[PDB]
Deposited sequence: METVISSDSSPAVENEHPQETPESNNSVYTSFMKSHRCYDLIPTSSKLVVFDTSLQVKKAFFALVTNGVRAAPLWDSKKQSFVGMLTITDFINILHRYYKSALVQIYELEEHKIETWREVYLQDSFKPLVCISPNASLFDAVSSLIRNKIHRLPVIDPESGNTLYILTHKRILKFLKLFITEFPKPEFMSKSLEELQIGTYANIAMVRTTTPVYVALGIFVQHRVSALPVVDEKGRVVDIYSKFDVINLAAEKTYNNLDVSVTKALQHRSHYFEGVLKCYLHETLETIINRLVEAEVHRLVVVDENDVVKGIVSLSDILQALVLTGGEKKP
């Protein structure tokens, strides 16, 4: 209702922080160095600059690090030569830029994120050609959270999750507690989801394995051994969930406080029942 008209008013500029850091990779840069630079700069993803044609060509995310590993990984006895040798330019051959103006509406941002099925949108100034910031779903929802008392209460916020039918509740991609990392990466490529609930033999979620937990392989340099279990990979940091009867507002508050991208919808115990993601919430607050 009023949330839609809200996002049609404010520009993307209103989300850009006062002082931020933006890492940029040239396309002729070695792909292994870039992945290491994401770790050393604390950045999750970087725009790609093609020096020859003088224009931004796309983004390099952790999803690319997953695609590379899964495509070329023979064994822990042999190194991944291509990961060691490929350039960002050359790998983009084996495997169109979507961006948005800072003067564009916040509604156009959410739409663009969904239409193209992306998670991080480059905010590029059409005046200078410079890249300013990378929009995400977390940034957008946390922004709207700052105005839920200024643009007071639509009716659906008080409705339960089961009533609103928000999220996926069929064919949930999960991994076992002993699932090899290589297998987990294969599920990431096949199903194109951002995280995988890790379950035990009983059927309860003991942990969660996000795409973000993959760069840790690049950080600890343990990427040449993808035979280890998914539990072993999550040892370095060793689960947010919700219910079907909880209101949408409670769920939104849960997400923005934890600053995570999704919640696991559980039953009476710890066994899954579905997944409510940030992309599911932003979609429901746009198709109204």
Deposited seq positions with no alpha-carbon in the coordinates run 1-26, 122-127, 271-275, 326-331
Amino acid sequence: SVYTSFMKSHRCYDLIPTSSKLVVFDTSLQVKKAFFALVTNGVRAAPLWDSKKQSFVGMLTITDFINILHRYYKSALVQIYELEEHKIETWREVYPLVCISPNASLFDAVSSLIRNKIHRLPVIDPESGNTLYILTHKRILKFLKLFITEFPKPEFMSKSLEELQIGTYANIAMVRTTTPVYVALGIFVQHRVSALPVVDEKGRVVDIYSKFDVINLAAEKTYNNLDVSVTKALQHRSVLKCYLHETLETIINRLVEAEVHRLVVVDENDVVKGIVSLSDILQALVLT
From here on, numbers count along this sequence of modelled residues.
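Rigid core here is just the name for the largest C-alpha set that superposes within 1.5 Å across the two forms.
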Using RMS Cα distance over all structures and residues, flag whichever of 118-126 and 151-159 lies farther from this form in 4 other deposited structures of this protein after a core fit. 151-159
If you line up the core and then measure how far each C-alpha sits from this form in 4 other deposited structures of this protein, which stretch comes out higher, 12-20 or 267-275? 267-275
Got a sec? Mean C-alpha B-factor, which is higher, 124-132 or 196-204? 196-204
Going by the entry, of stretches 77-85 and 145-153 the one with greater average Cα B-factor is 145-153
Take the CA temperature factors straight from the PDB entry and tell me which of 44, 70, 53, 33 peaks. 53
Using the temperature factors in the entry, find which of 170, 99, 106, 181 has the highest value at its Cα atom. 170
For the chain shown, is the CA B-factor of residue 190 in the lowest, middle or highest third of its modelled residues? middle
Of the three thirds of Cα B-factor ranks in this chain, residue 49 occupies the middle
Chain thirds of CA B-factor: placement of residue 250: highest
According to the PDB entry, is the CA B factor of residue 40 in the bottom, middle or top third of its chain, that is, lowest, middle or highest? lowest
According to the PDB entry, is the CA B factor of residue 164 in the bottom, middle or top third of its chain, that is, lowest, middle or highest? highest
